[PDB]
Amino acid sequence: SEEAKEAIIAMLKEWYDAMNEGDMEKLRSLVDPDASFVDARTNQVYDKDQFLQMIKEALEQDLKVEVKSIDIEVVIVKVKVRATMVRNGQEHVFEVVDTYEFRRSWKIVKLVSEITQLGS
């Protein structure tokens, strides 16, 4: 079980590291093909290809992230992240709470993201 936990954590490290690297090949491999992605604040729901498309656009805006905390609670993990994006020369700063559902290799089958824009 500790191995299970340790593997999930390592994968979330890979996720966020790949995000800062801009390596979407690595992101694609961590997500189940039938996974659903939820924007909690807008109630919008996306499939994997739609989610990755949005990631691509954000990476084009210099999206960078830093993980602040990881809490393991099917494995459910809550990650708090600070993120920045540069949009038409104006940087925007965000605090995001990402709650993942991993299902067994372990794959992400669901993410709910609460996104708050903090102001630069």
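All residue numbers refer to positions in the sequence shown, first residue = 1.
- Coordinates are absent for 4 to 9 residues of the deposited sequence placed between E73 and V74.
- As listed in the deposited structure, the average C-alpha B-factor of 32-40 and of 84-92 is greater for 84-92.
- The mean Cα B-factor in the deposited entry runs higher for 64-72 than for the other of 46-54 and 64-72.
- In this PDB entry, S1 carries a Cα temperature factor that places it within the highest third of its chain's modelled residues.
- The entry lists a Cα temperature factor for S120 that places it in the highest third of the chain's modelled residues.
- Per the deposited record, the Cα B-factor of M24 falls in the middle third when ranked against the other modelled residues of its chain.
- Sorting the modelled residues of the chain by their CA temperature factor places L111 in the middle third.
- Per-chain ranking of the deposited C-alpha B factor places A18 in the middle third.
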